[PDB]
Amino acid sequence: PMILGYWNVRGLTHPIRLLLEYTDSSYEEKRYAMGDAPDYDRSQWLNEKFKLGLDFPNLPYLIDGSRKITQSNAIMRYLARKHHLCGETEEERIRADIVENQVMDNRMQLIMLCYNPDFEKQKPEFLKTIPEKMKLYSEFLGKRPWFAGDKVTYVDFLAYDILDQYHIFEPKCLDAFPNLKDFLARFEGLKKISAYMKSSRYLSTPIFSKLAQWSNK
């Protein structure tokens, strides 16, 4: 089988776990654990970081036979090409390129606030900003059923993830965008997905390490 390695956290690997399932990949995961405070030992990983033969060692990684990959986006694109889940048209490619990089931006912003020592001070001004981030998702999708077009592509996995996360963080952030909420239910309703969500392998939380101030446990 293929081997997925990551922390025993949702982090940024939710979209890869979901694509592996949707595509019926035959895989196993090694979920590394971080020691507890104060130290938050990372030795379970560090001990083999440089022994897997990865060009640029990092988590997540994917071993797929003789193919070895790091960087979540490259893993996602690798799977997308393997299982034909890319945009077919120039327009679809442009939309997937954009979204793919927009979700990373929006992710880094959440990670930054979340691991910010002044998280409580920070919520307030950060939440005033969500509505305009959702609007931009909302208008981009418009009436299309999926982000690049007429077909589910790997970016739907990235966009579902990030929208789901913003929603955990601000339950009402989406009341004003029925099309986003509609997107989250169309996505949760794909066949292998609904099944994966009721399984032992499913991990929606925690999101971050115990380092976090949010969704850290």
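Residue numbers here begin at 1 and follow the sequence given. Between two forms, the rigid core is the largest collection of C-alphas that superpose within 1.5 Å.
- The stretch that strays farther, by root mean square C-alpha distance over structures and residues in 5 other deposited structures of this protein after a rigid core fit, is 32-40, when 177-185 is set against 32-40.
- In this entry, the higher average B-factor at the C-alpha atoms falls on 35-43, of the pair 35-43 and 155-163.
- The stretch 26-34 shows the higher mean C-alpha B-factor when 66-74 is compared against 26-34 in the entry.
- The PDB entry assigns the greatest CA B-factor among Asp55, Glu48, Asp182, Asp150 to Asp150.
- In this PDB entry, the Cα temperature factor of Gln122 sits in the top third of its chain's modelled residues, the highest group.
- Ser204: CA B factor in the middle third of modelled residues in this chain (values from the PDB entry).
- Among the modelled residues of its chain, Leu79 has a C-alpha B-factor that falls in the lowest third, as given in the PDB entry.
- When the CA B factors of the chain's modelled residues are split into thirds, the value for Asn101 lands in the lowest one.
- The PDB entry assigns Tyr61 a C-alpha temperature factor belonging to the lowest third of its chain's modelled residues.
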